[PDB]
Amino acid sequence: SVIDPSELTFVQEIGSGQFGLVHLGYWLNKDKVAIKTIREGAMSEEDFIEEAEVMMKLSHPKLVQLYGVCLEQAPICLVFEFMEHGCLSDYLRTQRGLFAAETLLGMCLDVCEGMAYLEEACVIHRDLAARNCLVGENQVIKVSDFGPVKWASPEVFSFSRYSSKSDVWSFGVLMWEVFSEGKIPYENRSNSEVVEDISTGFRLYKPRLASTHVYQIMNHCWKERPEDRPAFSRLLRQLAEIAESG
């Protein structure tokens, strides 16, 4: 669907990413929206439209939804549904010390449900992190930006070979982000240092709020070889097993 600039009311500025500015607005003085205006030079306008085109044909309750595309006036923008609490990364940083391990695991499950859908759809995310996840009504997590050495798997570090298994490693890191309440993976480590530690066999430490079982799954996502990593469909059942038990 096509949206006119006159149909949008820019209320306030709510974020600035590498690819553009995000605003809180209204469409047709009705629906509360998030307007993603393009950043010139950061990416081609064609790729900005294609990103949204792909997303509009992927329907899952745990993936962000668009209202449409506003192309008439530059800066060109994407009109998404509003996610009240914003990015998971920011929502974890503030609200830190208030989360329970039952809530945090439920967030991983929300993302895994979404990721298992994209996996079946043969769609590779390539940048799955807490910053690319959005918190909405009743703390539901939705995946966004489905059109970063700290989230990269060894195949990505040295050979740039992305797969659903590359996203599995990323999800393992996203899990650490979630159970660390927004903390940065490999805190004061350089890109060269992250590659060296992982290549030697080292991995992110067990976060305080995570159980031994949670870390067991994290380490299953962090297997050097991608064939020894579970698919998101297997991963989803693994997390649910601990969700109902203890």
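The first residue of the shown sequence is 1; numbering continues from there.
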Q: Please say, as none, 1 to 3, 4 to 9, or 10 or more, how many residues of the deposited sequence are without coordinates in the interval between residue 147 and residue 148.
A: 10 or more
**Q.** Between the two ranges 115 to 123 and 67 to 75, the one averaging a larger CA B factor in the entry
**A.** 67 to 75
(Q) Tell me which stretch, 190 to 198 or 56 to 64, has the higher mean Cα B-factor listed in the entry. (A) 190 to 198
Q | Identity of residue with top Cα B-factor, from 82, 162, 157, 171 | A | 157
Q: Please rank the C-alpha B-factors of the chain's modelled residues and tell me whether residue 41 sits in the lowest, middle or highest third.
A: highest
Q: Can you work out whether the C-alpha temperature factor of residue 217 puts it in the lowest, middle or highest third of the chain?
A: lowest
Q | residue 23, C-alpha B-factor rank within chain (lowest, middle or highest third) | A | lowest
Q. By the record's CA B-factor, is residue 100 among the lowest, middle or highest third of residues in the chain?
A. highest
**Q.** Where the record places residue 137 (Cα B-factor, split into thirds across the chain)
**A.** highest
